[PDB]
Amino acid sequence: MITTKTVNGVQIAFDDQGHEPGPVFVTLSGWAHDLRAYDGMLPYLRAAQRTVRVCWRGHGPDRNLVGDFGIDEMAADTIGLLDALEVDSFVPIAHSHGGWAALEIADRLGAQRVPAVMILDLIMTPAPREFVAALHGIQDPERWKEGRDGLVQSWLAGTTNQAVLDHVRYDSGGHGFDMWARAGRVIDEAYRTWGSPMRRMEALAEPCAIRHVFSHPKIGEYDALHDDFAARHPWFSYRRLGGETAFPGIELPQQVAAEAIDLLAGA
């Protein structure tokens, strides 16, 4: 199934499925996992649009350590892969903090090449202090494994969803302190630099259609924040789903895919 290309000097793994006209779906995972985060969604995406699933450098089948990198390379590697394939307009679907890279891509290319972006359960507020502590915990060589187990448990809550449990237990091996600390550094620095993903979207020279889909932060002020952002920004949209986990794409693939098709249809 899975293919590779050298882009910007590094091996980018991806797969490319589907041949239907219109924008191309481009899936982007969080840190420390790969395109298996979109196995559940893939049947539904690829039936609607050509779908290219993309891994970050160092995240493909080759798990050699690569040189330090951050959002800029994530964005440039991905753009360069799509250019090598001559993908014109496309819609990123990005999980969690992959969304920082997806917004950088939309910023670099403007709203005709990237007419929409979908983000899946990314903390839209400034970083909670509890979250900042985990991001520093994962940069400490002696207890990075604890910070991971701590974040993982949050994401899962009490779920009984097998897809999500297997993904985190069995399908995300092969990373360790190098990548989890990089994630810590890059994520922390994005919140410290931009304050929040919502401020980042507002710095967009020309915002494309951006939709946030999430289950996790409990219902309440978090939705009120989204209502207000949507009321001030017609390009922004959101949907709370009824899942237990911070992996809506894996837990509720059909619903998330349907939201992605709908976002594209509107743009």
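The first residue of the sequence shown is number 1, and the count goes up from there.
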{"query": "132 to 140 set against 87 to 95, stretch whose average Cα temperature factor tops the other in the entry", "finding": "132 to 140"}
{"query": "Stretch exceeding the other in mean C-alpha B-factor - 49 to 57, 62 to 70", "finding": "62 to 70"}
{"query": "Largest Cα B-factor, entry values, listed residues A75, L82, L122, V186", "finding": "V186"}
{"query": "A203 CA temperature factor, ranked by third within the chain", "finding": "highest"}
{"query": "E259, C-alpha B-factor rank within chain (lowest, middle or highest third)", "finding": "middle"}
{"query": "Chain-wide C-alpha B factor ranking for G40, given as lowest, middle or highest third", "finding": "lowest"}
{"query": "Record-listed C-alpha B factor of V168: chain third", "finding": "middle"}
{"query": "Position of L156 among the chain's modelled residues by C-alpha B-factor, lowest, middle or highest third", "finding": "highest"}
